[PDB]
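Shown next, in structure tokens, is the structure this report addresses.
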RNA sequence: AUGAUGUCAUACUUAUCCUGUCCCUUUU
RNA sequence: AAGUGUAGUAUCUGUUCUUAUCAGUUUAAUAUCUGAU
């Protein structure tokens, strides 16, 4: 991501699941990282949601509230048809913040 | 140049085909998939006529079409594989007549990528799963499951990525509720990718990989792998379970192999060949297509070969294994692209070129003298086939669908003003020069001369239960006659009219009661022998009348009208009022009693003072005016009809006015039907009521997919009209012409254009119009074939070879091979050759169908271009220059030499003579005039030659061409040269110095296939990749001259045509309209691009497109911006095809569009119809 | 501010409608010929 | 008369970011 | 006379190669580096 270049997207095969984003990251684009002009809905991976992994935030990684969508800039650029955009990695962010 | 796309004729070619009960009823439907449009057909079981039940533009590249039927259902889904990575499962909606998207799931990126699934799509037999596979490195398996509400839920897909595995095809295995399996003909490419010696490239055999989708493991796995002897071409799943055994029959070059699963062995059967066939021995045979007739008793397959000979495969099955493969010559069919064996004994065979076919399955393949070649029958040697005509099939109908339109010329080649579109399409024996004309062909059932001066015609039935016509009244100038319609048309007098004078009207008043009106008065003749007459009080003459289902209005002189009501007991009650109009009535209109109402609400009356008025016919406002309407001309007639109704009125001029039906008059529309009076009558066709015209042309307007549309009838003018119906005549027009009768009928309800072709021998290349003779010279050239003299030489050689066998020598069978020449069009053209080709010059009468002149080239020759023009040094001798090439080849290793035969074309433009024969250098592909000289393209050289004594003296040469001269457009001073790999280039030819110099070039390249001169600096060109562009030179172009080149031009127009266009000569279509660019397509479509003459109109169209992009998107999941910008981006092109969905859009979508546009939905409809009326026919 | 263009837009629409009516009348007169 | 070097300061960009938890380690 | 942290970038200050050659790595080529006179 623009805020977290050291992140690793899942890039898994798409499923039939609809994801949700954390309330703190409400409205943020999953790929474009923008805040306006959404086009398409976000599809979660099959393994990306199974029990405890169900209901988590796509980008924020926390408990989701609202249903997310792909940014229109990402949809027109043929970017929304990619793999599962689940943030599997968690590093270089919120690591030492718990220490503070 | 803001152009607007307009599709006049949709694509008729069939690319994919499926057959099944998709309508959810007992009827069997046929789903056809063209290049960019889907269609659903429900042909007549009894009538045997194929009607286009539904046609919807997919807005995408339909690459695969496979059906689906869930377990325990009675309605089949439709899997639509597109160029996009979205797998779509749609379902029919006959209640709304719209294709409903049941499920849509994204799989990958866009574009027909190698790693993009869409090249192969399969559905299992159990209906439990579907599979999508790309050309390589992709395989997804989607699971279908029934919901509690019977909602087909698409589960997540299974990943089956197999690297370095190229999939040749896919098919479903047979499983009776067990672990299903899917078969694919895979080929490994990774091993040969690391073989510099080239050895591992060979010994790389394709293998049948059967992957099992374990329902328990929920993951695909390589279940079985089985190599084959040679590479295959197609697969067919033998149905298993309770019906037949499991297995997959694979066709390969001169072989068909049944190798089922388990311990079953491989059974082989070679492909037969034609006995003493003139084809090449090195050319093998492959299964072009195959269908299966699954029955509860047994199952057979019908497979078409490369030569079109449809063979009948029967799977001889043992107790638990395959016994043998029984093949038999079923029939001889054309080059088959798809085959569907539907119920009720029907076989829909769609060819890759030419009209479709729909035969009746009469013989089951057995009980005949034809032999059955079986896999157990040894041979060493192939079983020679004895072809014959259609013995087991009968051709019921033929779906025209004019496909490959190689060339096109839209001009008044005939003596008429309505220009004809001479369009050549076909493939060798399937040649057809269709002179398309915008109209409707009325099948003349019968015609009979009427004496005197016939004035009017009407047709009244016998009773309410009568399913056919009973009486036909013909009002002469001084009398009226009646005829009884009972398959015995003769005189009739016992009807009860007593009309010794001309009658003003005659119809069926009640369920069986007749109501006649003559100038003497009215006469009600009930079902019994009774005729209640009612005289006209006073000297006022009956001016007009109008009947209804339960009401009858009469109009005398001075605007004195009278009403009559049909009582429930059959009594005719006279109106209790004397309604006086503003003036005398030129005509009146009255609607029919609907099912719910007992009479009409409003009734129309037009005065002689050019004004119409509708008055309430109800009792609350009886004889009360309701709404006025302006008439700028003398009203000629009036008519109202349903389909949501409308009111039409023909004026005294050659034009008419239509408006919406309501308590008041709404919008207004007009079109010149005209140079004749606008007469109108009622008719009923296609299960819909409509208005039949009577003017200079019979414009027959009817609803066409929720949209009014009208074309004229291709016949003489009609003076009076009425409907006729019987057992022989389902629904037709009984019409009175000038002293003649005509019982015509037009079933073709597909509003488009009618045509009749003049076929040829070889496939066409181009056309040249003879100006003085008004003839047409077509260059018939087809490669991979032999000449007629070549065929004779080969036949003589084969005859000598057969006679050299000395087989009791005494076998007098060679005469049958020498004399009995099978039909090249019916039994196929036995042609071959890797480099052998053939050409033929032909000049034929366009109005006629005869070839006035024919000329044959050599056997090793091949034509590429032709033209006709006069020489500057010569007089009025319009010479025909035709270029051809010898020893050519599709592979990149052919040139040999080029020849430009100099045809004389004399004797009143009807006598060709190739005097001069100047030889070319490379491969000639162009010839045109320029300053009286002949500008020709010799490869990468432009030669301006002058017609000499021996050969065209090359008076000037230019060597600036990049790859090869693909097109040459001769401007007044410049010349547009379009290369094969490079874009257009404008070159100026200084005549004083005699030097050609490239004036500029293009920025983006395009494989130009055709071209057109738009203006003095604008040039339009197609693209081999399916694009159409328009380059306009700037004002600063240095016409005087002395990254690649100096001067460059800009791209002023860009739009994806969707289908490969190959002809563009936009000029003037419907006379009185604005000129436009008519563009053809290789898939049988003729569209028209026209400009937006208003910035406000451009903004309105842009807003409409921006709204429709999100309101009513396509079903294939492709985006309009992507569907239009596939090869190159869009540049000022408004896709009117997507705009046409506003008429078919839902009501909520219509309201949303009207709100976003700040106008009415009928406002948008009128705005859309205005462009079609102004710029098209 | 947009109301001014809206009034001007309606005026231009009426002018274009009158021009289209004249063009249709001319085309009808030509078709009569 | 451009540069390489790297302790030590300085401006900037990523619409960067403050309630984040042991809901999961319960191995002897 | 107040800002917290997570990654990266540039402009500032101080120092160094008149080593003649050969071979190699590396470089687009230099350069740098590695061994001998």
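Protein chains in written order, with full-length UniProt numbering: chain A, 2 to 101; chain B, 1 to 380, 383 to 645, 662 to 691, 695 to 829, 834 to 1067, 1083 to 1217; chain C, 147 to 179. We put the beta carbon where it would ideally sit given N, CA and C, even for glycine.
To the nearest angstrom, how far is the alpha carbon of residue i from that of residue j?
{"i": "residue 1117 of chain B", "j": "residue 793 of chain B", "result": "26 Å"}
{"i": "residue 588 of chain B", "j": "residue 607 of chain B", "result": "8 Å"}
{"i": "residue 311 of chain B", "j": "residue 851 of chain B", "result": "16 Å"}
{"i": "residue 302 of chain B", "j": "residue 1092 of chain B", "result": "51 Å"}
{"i": "residue 937 of chain B", "j": "residue 433 of chain B", "result": "22 Å"}
{"i": "residue 707 of chain B", "j": "residue 770 of chain B", "result": "7 Å"}
{"i": "residue 59 of chain A", "j": "residue 10 of chain A", "result": "10 Å"}
{"i": "residue 128 of chain B", "j": "residue 277 of chain B", "result": "46 Å"}
{"i": "residue 1149 of chain B", "j": "residue 1042 of chain B", "result": "34 Å"}
{"i": "residue 881 of chain B", "j": "residue 975 of chain B", "result": "21 Å"}
{"i": "residue 651 of chain B", "j": "residue 552 of chain B", "result": "In the model as presented, chain B runs from 645 straight to 662, which leaves residue 651 of chain B without coordinates."}
{"i": "residue 1000 of chain B", "j": "residue 992 of chain B", "result": "10 Å"}
{"i": "residue 1218 of chain B", "j": "residue 894 of chain B", "result": "No information on residue 1218 of chain B is available, as it lies outside the stretch 1 to 1217 that chain B covers here."}
{"i": "residue 426 of chain B", "j": "residue 785 of chain B", "result": "7 Å"}
{"i": "residue 1046 of chain B", "j": "residue 1101 of chain B", "result": "9 Å"}
For residue i, which beta-bridge partners are listed by DSSP?
{"i": "residue 939 of chain B", "result": "BP columns for residue 939 of chain B are empty, so no partner."}
{"i": "residue 712 of chain B", "result": "B:703 and B:722"}
{"i": "residue 251 of chain B", "result": "B:234 and B:256"}
{"i": "residue 91 of chain B", "result": "B:100"}
{"i": "residue 342 of chain B", "result": "B:346"}
{"i": "residue 756 of chain B", "result": "B:742 and B:763"}
{"i": "residue 953 of chain B", "result": "B:960"}
{"i": "residue 1094 of chain B", "result": "B:1054 and B:1171"}
{"i": "residue 944 of chain B", "result": "B:924"}
Could you tell me whether the Cβ of residue i comes closer than 7 Å to any Cβ of chain A?
{"i": "residue 136 of chain B", "result": "no"}
Tell me, please, whether the CB atom of residue i is closer than 7 Å to any CB atom in chain C?
{"i": "residue 690 of chain B", "result": "yes"}
Which chain C residues sit within Cβ distance under 8 Å of residue i?
{"i": "residue 671 of chain B", "result": "174 and 178"}
{"i": "residue 695 of chain B", "result": "177 and 178"}
Starting from the beta carbon of residue i, find every residue of chain B whose beta carbon is closer than 9 Å, and list them in chain order.
{"i": "residue 82 of chain A", "result": "84, 85, 86, 106, 107, 108, 109 and 110"}
{"i": "residue 79 of chain A", "result": "109, 110, 111 and 1162"}
Would residue i pass as an interface residue toward chain B - the criterion being a Cβ-Cβ separation below 7 Å?
{"i": "residue 16 of chain A", "result": "yes"}
{"i": "residue 164 of chain C", "result": "no"}
{"i": "residue 74 of chain A", "result": "no"}
Counting only Cβ pairs nearer than 7 Å, list the residues of chain B close to residue i.
{"i": "residue 158 of chain C", "result": "1136"}
Residue i touches chain A at which residues, Cβ-Cβ below 7 Å?
{"i": "residue 157 of chain B", "result": "14"}
{"i": "residue 1010 of chain B", "result": "Residues of chain A passing the Cβ test: none, with the nearest at roughly 33 Å."}
What residues of chain A sit near residue i, judged by a beta carbon separation below 8 Å?
{"i": "residue 154 of chain B", "result": "17"}
Is residue i near the ligand SAH, judged by its Cβ being under 6 Å from some heavy atom?
{"i": "residue 1189 of chain B", "result": "As for the ligand SAH, it is missing from this structure, which has no ligand bound."}
Q) Which of the residues in the UniProt region "Interaction with SF3B1 and SF3B3" (35-51) of chain A, read from start to end, lie with their CB under 8 Å from any CB of chain B? A) Taking a C-beta cut-off of 8 Å against chain B, the contacting residues of the UniProt region "Interaction with SF3B1 and SF3B3" (35-51) of chain A are 44 and 47, listed in chain order.
Q: With 8 Å as the limit, tell me which residues of the UniProt region "Interaction with SF3B5" (1100-1123) of chain B have their beta carbon closer than that to any beta carbon of chain C; keep them in chain order.
A: Cβ contacts with chain C come from 1111, 1112 and 1113.
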